[PDB]
Amino acid sequence: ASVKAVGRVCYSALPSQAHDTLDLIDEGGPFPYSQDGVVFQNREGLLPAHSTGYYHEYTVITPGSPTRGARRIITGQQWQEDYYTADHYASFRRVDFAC
Ligand SMILES: [Li+]
């Protein structure tokens, strides 16, 4: 069933590549993978339900991966509403910018 909140991961605990990603989003790129910036549909309902176009996804590079890999940042529309998945969207944690 439904749950009241997504869990959290401290900004300081993210891998450094995720910090790089957040910076690339701020700077508008350049993005390493062609699917960077696409709309994320949130089809499994792991993140709060919103209309199509609320969320976008961006690669977080996995060191030594010859392919895109499993890590991503998903951005929401609200201030500081960034989510991290390290497992191809099987789970997310909301980035806590205060720690
Ligand atoms: Li951002």
# chains A, B, ... in the order shown; residues from 1 in each chain; ligands from 1
call {"tool": "residues_near_ligand", "arguments": {"ligand": "ligand 1", "cutoff": "9 Å", "atoms": "only C-alpha atoms and all ligand atoms", "output": "tab-separated table (two decimals) with C-alpha atoms, in the first residue's frame"}}
result
chain	number	residue	atom	x	y	z
A	21	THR	CA	25.07	15.36	-11.96
A	22	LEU	CA	23.37	17.92	-9.81
A	23	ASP	CA	25.90	20.45	-11.02
A	24	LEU	CA	25.29	19.52	-14.68
A	25	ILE	CA	21.58	20.04	-14.15
A	26	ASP	CA	22.26	23.51	-12.79
A	75	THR	CA	14.34	15.99	-10.35
A	76	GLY	CA	10.98	17.22	-9.15
A	79	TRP	CA	12.96	23.55	-4.44
A	80	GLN	CA	15.48	20.91	-3.42
A	81	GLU	CA	13.21	18.13	-4.68
A	82	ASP	CA	15.85	15.77	-6.00
call {"tool": "select_by_dssp", "arguments": {"residues": "region 51-82 of chain A", "states": "strand (DSSP E or B)", "output": "compact mmCIF listing (two decimals) with N, CA, C and O atoms, in the first residue's frame"}}
result
# COMPACT_ATOMS: atom_id res chain seq x y z
N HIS A 56 12.07 14.73 -14.28
CA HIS A 56 13.04 14.45 -15.30
C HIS A 56 14.17 13.57 -14.70
O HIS A 56 14.39 13.59 -13.51
N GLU A 57 14.89 12.83 -15.54
CA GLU A 57 15.96 11.96 -15.09
C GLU A 57 17.28 12.27 -15.74
O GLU A 57 17.32 12.72 -16.88
N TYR A 58 18.35 12.01 -15.00
CA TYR A 58 19.71 12.31 -15.42
C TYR A 58 20.64 11.20 -14.93
O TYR A 58 20.54 10.75 -13.78
N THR A 59 21.54 10.77 -15.79
CA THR A 59 22.52 9.83 -15.42
C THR A 59 23.42 10.32 -14.27
O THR A 59 23.85 11.43 -14.24
N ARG A 72 20.89 7.21 -11.19
CA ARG A 72 20.24 8.36 -11.73
C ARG A 72 19.85 9.37 -10.64
O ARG A 72 19.60 9.01 -9.52
N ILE A 73 19.73 10.61 -11.03
CA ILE A 73 19.03 11.64 -10.25
C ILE A 73 17.72 11.90 -11.00
O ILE A 73 17.72 12.10 -12.21
N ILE A 74 16.63 11.95 -10.25
CA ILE A 74 15.36 12.36 -10.76
C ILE A 74 15.00 13.67 -10.07
O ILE A 74 15.00 13.78 -8.83
N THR A 75 14.74 14.69 -10.88
CA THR A 75 14.34 15.99 -10.35
C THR A 75 12.85 16.16 -10.38
O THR A 75 12.21 15.82 -11.37
N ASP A 82 15.04 16.62 -5.23
CA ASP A 82 15.85 15.77 -6.00
C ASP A 82 15.88 14.39 -5.41
O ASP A 82 15.95 14.27 -4.18
call {"tool": "residues_around", "arguments": {"residues": "residue 49 (chain A)", "least_positions_apart": "5", "cutoff": "12 Å", "atoms": "only C-alpha atoms", "output": "list in words"}}
result
residues 2, 3, 4, 5, 6, 40, 41, 42, 43, 44, 54, 55 and 76 of chain A
call {"tool": "write_last_selection", "arguments": {"atoms": "N, CA and C atoms", "output": "mmCIF file, in the first residue's frame"}}
result
data_model
loop_
_atom_site.group_PDB
_atom_site.id
_atom_site.type_symbol
_atom_site.label_atom_id
_atom_site.label_comp_id
_atom_site.auth_asym_id
_atom_site.auth_seq_id
_atom_site.Cartn_x
_atom_site.Cartn_y
_atom_site.Cartn_z
ATOM 1 N N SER A 2 0.152 2.409 -0.083
ATOM 2 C CA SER A 2 0.584 3.812 0.173
ATOM 3 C C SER A 2 1.378 4.096 1.469
ATOM 4 N N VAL A 3 2.274 5.055 1.363
ATOM 5 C CA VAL A 3 3.260 5.349 2.342
ATOM 6 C C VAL A 3 3.290 6.868 2.413
ATOM 7 N N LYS A 4 3.570 7.479 3.555
ATOM 8 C CA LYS A 4 3.476 8.946 3.652
ATOM 9 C C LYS A 4 4.678 9.688 3.119
ATOM 10 N N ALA A 5 5.847 9.040 3.090
ATOM 11 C CA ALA A 5 7.050 9.706 2.624
ATOM 12 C C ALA A 5 8.084 8.767 2.033
ATOM 13 N N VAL A 6 8.858 9.354 1.150
ATOM 14 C CA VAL A 6 10.015 8.705 0.588
ATOM 15 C C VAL A 6 11.116 8.814 1.603
ATOM 16 N N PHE A 40 10.506 11.641 -16.619
ATOM 17 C CA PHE A 40 10.469 10.360 -15.902
ATOM 18 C C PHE A 40 8.998 10.138 -15.546
ATOM 19 N N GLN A 41 8.435 8.990 -15.938
ATOM 20 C CA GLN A 41 7.011 8.818 -15.749
ATOM 21 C C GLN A 41 6.602 8.354 -14.384
ATOM 22 N N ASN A 42 7.525 7.881 -13.534
ATOM 23 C CA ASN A 42 7.115 7.457 -12.195
ATOM 24 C C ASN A 42 5.991 6.428 -12.242
ATOM 25 N N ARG A 43 6.111 5.480 -13.150
ATOM 26 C CA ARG A 43 5.043 4.495 -13.365
ATOM 27 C C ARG A 43 4.824 3.569 -12.185
ATOM 28 N N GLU A 44 5.853 3.287 -11.394
ATOM 29 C CA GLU A 44 5.645 2.405 -10.249
ATOM 30 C C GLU A 44 5.062 3.134 -9.040
ATOM 31 N N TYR A 54 6.379 16.480 -14.649
ATOM 32 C CA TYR A 54 6.845 16.984 -13.362
ATOM 33 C C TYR A 54 8.301 16.558 -13.089
ATOM 34 N N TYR A 55 8.630 15.314 -13.457
ATOM 35 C CA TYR A 55 9.927 14.729 -13.187
ATOM 36 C C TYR A 55 10.766 14.546 -14.426
ATOM 37 N N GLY A 76 12.339 16.741 -9.300
ATOM 38 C CA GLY A 76 10.978 17.216 -9.149
ATOM 39 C C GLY A 76 10.962 18.756 -9.299
#
call {"tool": "residues_around", "arguments": {"residues": "residue 17 (chain A)", "least_positions_apart": "4", "cutoff": "8 Å", "atoms": "only C-alpha atoms", "output": "PDB file with N, CA and C atoms, in the first residue's frame"}}
result
ATOM      1  N   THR A  21      26.341  15.295 -11.253  1.00  0.00           N
ATOM      2  CA  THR A  21      25.069  15.360 -11.958  1.00  0.00           C
ATOM      3  C   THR A  21      24.211  16.548 -11.590  1.00  0.00           C
ATOM      4  N   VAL A  60      23.715   9.394 -13.382  1.00  0.00           N
ATOM      5  CA  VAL A  60      24.809   9.519 -12.443  1.00  0.00           C
ATOM      6  C   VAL A  60      25.777   8.465 -12.919  1.00  0.00           C
ATOM      7  N   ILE A  61      26.938   8.891 -13.393  1.00  0.00           N
ATOM      8  CA  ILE A  61      27.942   7.960 -13.848  1.00  0.00           C
ATOM      9  C   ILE A  61      28.387   6.983 -12.769  1.00  0.00           C
ATOM     10  N   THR A  62      28.438   5.712 -13.159  1.00  0.00           N
ATOM     11  CA  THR A  62      29.008   4.657 -12.331  1.00  0.00           C
ATOM     12  C   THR A  62      30.498   4.487 -12.748  1.00  0.00           C
TER      13      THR A  62
END
call {"tool": "atom_distance", "arguments": {"atom1": "CA of residue 9 (chain A)", "atom2": "CA of residue 70 (chain A)"}}
result
16.9 Å
call {"tool": "atom_distance", "arguments": {"atom1": "CA of residue 51 (chain A)", "atom2": "CA of residue 78 (chain A)"}}
result
13.6 Å
call {"tool": "residues_around", "arguments": {"residues": "residue 46 (chain A)", "least_positions_apart": "6", "cutoff": "9 Å", "atoms": "only C-alpha atoms", "output": "PyMOL selection string"}}
result
chain A and resi 6+89-92
call {"tool": "select_by_dssp", "arguments": {"residues": "chain A", "states": "alpha helix (DSSP H)", "output": "MDAnalysis selection string"}}
result
chainID A and resid 16:27
call {"tool": "closest_residue", "arguments": {"among": "A:14, A:29, A:50, A:68", "to": "residue 93 (chain A)", "atoms": "only C-alpha atoms"}}
result
A:14
call {"tool": "closest_residue", "arguments": {"among": "A:1, A:47, A:85, A:53", "to": "residue 18 (chain A)", "atoms": "only C-alpha atoms"}}
result
A:85
call {"tool": "atom_distance", "arguments": {"atom1": "CA of residue 63 (chain A)", "atom2": "CA of residue 77 (chain A)"}}
result
28.4 Å
